[PDB]
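Q: just coords:
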Ligand SMILES: Nc1ncnc2c1ncn2[C@@H]1O[C@H](COP(=O)(O)OP(=O)(O)OP(=O)(O)O)[C@@H](O)[C@H]1O
Ligand SMILES: Nc1ncnc2c1ncn2[C@@H]1O[C@H](COP(=O)(O)OP(=O)(O)OP(=O)(O)O)C[C@H]1O
Ligand SMILES: C/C1=C/C(=O)O[C@@H]2C[C@@H](CC[C@H](C)/C=C\CC1)O[C@@](O)([C@@H]1CSC(=O)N1)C2
Ligand SMILES: [Mg+2]
Ligand SMILES: [Mn+2]
Ligand SMILES: [Mn+2]
């Protein structure tokens, strides 16, 4: 008899809204700032705004909640300041990263019921929600956010845990890489304030080259791939091969010193760890989600890379929706709004009797 | 050839009609380019046909949030803002005391001056011949002025034009009959230049791409210079904003209250619109936030609206596969402006746009006067969201 809440707890951004809505009502940074030296704490937009007078902390590292006290502040801010709701009056669906420790889901269930007294609560895997957002129950998801990247194969609503691949490289590392390679032009970006200028450069000017080698040769013989960017202070800078070298790290992690396999290799390896019978369904339903998958050309390059690894008989399809930055939230909005799904939530009565283990 | 998506069926345009717009043709072309460049859908509220040459002349500044007095759309004062609001458009004449108070407060506060109304032969000949909103000039002997009449619905108010010369500008000073005696007609002038102001370009809505949704899309309330100083951190501000931190007058003039309820995205897009238009340093046409965020929105006063869309909407299947092009279902003029004529057509336009990943910002005041509340969250859900939920329910046995 009430609207359910959806809260996607990302490493960089919290996406919150109401189940039944096509988009979140609140998108703000997952940061808590305490005075550097007139409130005791500041969350989200307010914390970033007052950067120079606060000590900012990120409570979510690689999709996993690491500071439970700071996470309580983010959740409080979400319900009371952003959504302007009474947590005790709405069942709340929260998201969790693939391979989230059993103790982590228990602790956030304990906080939802003890601290916020929610009538009911559900914990969904982010990649699984992304698949639902595209009207699918089978396929493999590449979810690349701000702190972590995952390959999650799913068969009829259920993720296959043995074939889940975690990659500790995501948008934040690409911004640090963009700051590093921008030094190779004589440019300097060092501060936390400057890191946000490089994050804007990356989002506006970066792209994935279909053929990296040919693109590096084109950039070396001509200025056709160059772009100008006006900094806040009015100074205009030129960006050349850094436009495609920054997201190339997703395909060649050795660029950031990582001995890991690229996103295309981990996708193929994940499909190979699954039953041969369902592999066709995974190759044809490869769904891309998260902000780090937003680069123009990432789906064409994925198509080219997977095609090279897979059998020539195999038909490969890359599904990259334009709203794929919000696929995890949309998926949770779809699931929690299906009133036939009501018989799958952990109620407060179920929690009071069994304790935080009920979530498993 | 038909746009069909869930409960939305649009038949193609049969015999397209020419809609007379007040926005000058080069300004529509600029806004069509701004829409493609920025990848946003820009909607602009109506501008009366007779304001076109005034805006096109680039001579005048336009009215911001501090000049709430309405412009006129009849008589010699067409396109200008009369101090006596019984000479303005019908909306202003509805609550005459409110708009008369508005006119005075803007002048008495120093946000505008009381200026004389002068018209050249070109404007006189345009109002008599082109628009037929003024009757021919007839000499009134024992006065030396040319008597002309205009229509105020069931009223025919006379006006007397006196031939005068200012800075070697051979012009007609407009005069009216104030309480029996022959008085000079006053219009609201710019506080610095002292010249009459024209109507502004009011953003109806700005639909941004879903993939670009973020903190910049939060509508913010006007902060005082003191509330804003504590809100920001000096070093992170660009020199444009550091100037406002160190100049209470500059912040009060280019930001704060003058913008109204606005998102950070719209504050920046306003500057892109104004720069692209060559309307700068007092000549700006966009002064504030969108009708999206206007508590005092009157839906009646929002049509016909000109919408500027990213160029892909014009392609053979710009609205999606099998969907077609935007010109097929909505009127698109030579300049690229999608002319939306009423709330129903606006509701349909917004649905097609939402379906193509462009986010709407819905004002509840838009639903006032409507038979059904078209502009609500539920009514405007994405058809890709509804279709995905239907598929997921069918697949998961829900
Ligand atoms: N257009 C874009 N192009 C490239 N990167 C982008 C773009 N838009 C956003 N990003 C990046 O995506 C990240 C935020 O996306 P997202 O919402 O998926 O992360 P998250 O949910 O907070 O993180 P995580 O899933 O790792 O816990 C940031 O690193 C941001 O710089
Ligand atoms: N985002 C906003 N926040 C607050 N007020 C706003 C916003 N957008 C519009 N307004 C309000 O709406 C008004 C816009 O109308 P205005 O431009 O003054 O008149 P109009 O009906 O367009 O006629 P004119 O032809 O300009 O005289 C001004 C202000 O009261
Ligand atoms: C607009 C926006 C985008 C974003 O992705 O922001 C998130 C959250 C943000 C938190 C700190 C920052 C100072 C505050 C606000 C920026 C929020 O950190 C990020 O920018 C990190 C660090 S640089 C990068 O690419 N990701 C990602
Ligand atoms: Mg995420
Ligand atoms: Mn106006
Ligand atoms: Mn206005």
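A: Good, I have the coordinates. Residues are numbered from 1 along each chain as shown, chains lettered A, B, ... in the order given. Ligands and ions are numbered 1, 2, ... in the order given.
Q: nearest to ligand 1: which residue in the stretch 1-150 of chain B?
A: residue B:39 (11.4 Å; Cβ to the nearest ligand atom). Every C-beta, even on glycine, is put in place using the N, C-alpha and C of the backbone.
Q: give the contact list for that residue.
A: B:208-209, B:212, B:310 (Cβ atoms under 8 Å, 6 or more residues apart in numbering or on different chains).
Q: what about 10 Å?
A: Neighbour list for residue B:39: B:208-209, B:211-212, B:309-312, B:358 [criterion: Cβ atoms under 10 Å, 6 or more residues apart in numbering or on different chains].
Q: out of the residues you listed, which are buried?
A: Neighbour-count burial (16 or more other Cβ atoms under 10 Å in any protein chain shown) applied to the contacts of residue B:39 gives B:208-209, B:211-212, B:309-310, B:358.
Q: okay, these in JSON lines with secondary structure and distance to ligand 2 next?
A: Compiled in JSON lines, the buried ones among the contacts of residue B:39 are given as follows (DSSP: H, G, I helix; E, B strand; the rest coil; distance: Cβ to the nearest ligand atom, whole Å):
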{"residue": "B:208", "secondary structure": "strand", "distance to ligand 2": "16"}
{"residue": "B:209", "secondary structure": "strand", "distance to ligand 2": "21"}
{"residue": "B:211", "secondary structure": "helix", "distance to ligand 2": "24"}
{"residue": "B:212", "secondary structure": "helix", "distance to ligand 2": "20"}
{"residue": "B:309", "secondary structure": "coil", "distance to ligand 2": "21"}
{"residue": "B:310", "secondary structure": "coil", "distance to ligand 2": "23"}
{"residue": "B:358", "secondary structure": "strand", "distance to ligand 2": "19"}
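Q: run a quick neighbour tally on the residue of the stretch 201-350 of chain A found nearest ligand 5.
A: Closest residue of the stretch 201-350 of chain A to ligand 5, Cβ to the ion: residue A:230 (30.9 Å). Neighbourhood size, residue A:230 [other Cβ atoms under 10 Å in any protein chain shown]: 10.
Q: was I right to think it contacts residue A:237?
A: Yes. Residue A:230 is within contact range of residue A:237, at 8.0 Å (criterion: Cβ atoms under 10 Å).
Q: pretty sure residue A:7 belongs to a strand, no?
A: Yes. Residue A:7 sits within a strand when classified using DSSP: H, G, I helix; E, B strand; the rest coil.
Q: what sits against it?
A: So residue A:7 contacts A:14-17, A:24, A:26, A:74-75, A:78-79, A:82-83, A:92-95, A:112, A:329, A:332 (Cβ under 10 Å, 6+ apart).
Q: just the ones in helices from those residues, please.
A: A:74-75, A:112, A:329, A:332 (DSSP state H).
Q: what about stretch B:68-84, near ligand 6?
A: No. Counting by Cβ under 5 Å from the ion, no contacts exist between stretch B:68-84 and ligand 6, the nearest distance being 8.6 Å.
Q: quick one: is that stretch near ligand 2?
A: Yes. Stretch B:68-84 reaches ligand 2 (Cβ under 6 Å from any ligand atom) through B:68, B:70-71.
Q: as TSV, these with neighbour count would be great.
A: Output for these, formatted as TSV (neighbours: other Cβ atoms under 10 Å in any protein chain shown):
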residue	neighbour count
B:68	17
B:70	23
B:71	28
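Q: nice, that's everything, thank you.
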